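Here we start with a single chain on its own, the form deposited in one PDB entry, put down as structure tokens.
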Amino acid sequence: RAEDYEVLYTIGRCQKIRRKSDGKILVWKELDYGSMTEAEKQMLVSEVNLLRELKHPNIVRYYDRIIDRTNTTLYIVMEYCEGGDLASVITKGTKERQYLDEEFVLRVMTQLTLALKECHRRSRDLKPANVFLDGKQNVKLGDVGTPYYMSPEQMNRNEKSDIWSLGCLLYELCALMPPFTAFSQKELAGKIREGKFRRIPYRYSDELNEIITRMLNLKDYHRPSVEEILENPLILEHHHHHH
């Protein structure tokens, strides 16, 4: 029950909470369902049950669901990721004019690729705002604007589409900007179809630039598979998750 936890403070509604029994630090996401139709609530139950299923080191862990029919509020209790989201890291870098270490980029590439491999197996938008960092250098995938990560196929007509999006995310991690920018989606679609972009900064190795470039190939069948990505000599044991 909700009484089993103590709210410490609001993060984003998302809140940092402390479990009373053992003092474990978690977060929960608030969801007022008071205004939902029966149909929309059924979908919510099926989705929440979906989330309890997937267990993986590189996917935000969902522990519990708490119903409070009083305020008609649903609480999804989950792992706390002290490093926050990847979008903020990029913003911080953009402002402070400071590029991220290649080591960090390799970690994100390795651990998100493992998250994707798992998602594909059980068959999650892959943007920086949906990628979280914990306290031990681990990277976790969680669950109107310009569609920077839209793939060529998605613009018309596929796991290789996920590879493209990962390519976009990693590219932005390095350059601190997306590979294709524009003011309107039509202009954007134009640039994507051309498939051209700047090389990531020179502080980054040719090998790293090479694989990000491959993920951004116009032909889905030229993009590396999850398996081919992980075979890359760049990727080592220490880049993986550690408890």
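Start at 1 and count along the sequence shown; that's the residue number. Basically, rigid core = biggest C-alpha set you can superpose within 1.5 Å across the two forms.
The form deposited in another entry is left out here; the points below concern that form.
- For the listed set 196, 203, 29, 199, the sole C-alpha moving 2 Å or more between this form and the one not shown on a rigid core superposition is that of 29.
- After superposition on the rigid core, the Cα of residue 171 moves by less than 2 Å between this form and the one not shown.
- After superposition on the rigid core, the Cα of residue 105 moves by less than 2 Å between this form and the one not shown.
- With a cut-off of 2 Å and the rigid core superposed, residue 213 has a Cα displacement that falls short of the cut-off between this form and the one not shown.
- Compared with the form shown here, the C-alpha atoms of residue 230 and residue 149 sit at least 3 Å farther apart in the other form.
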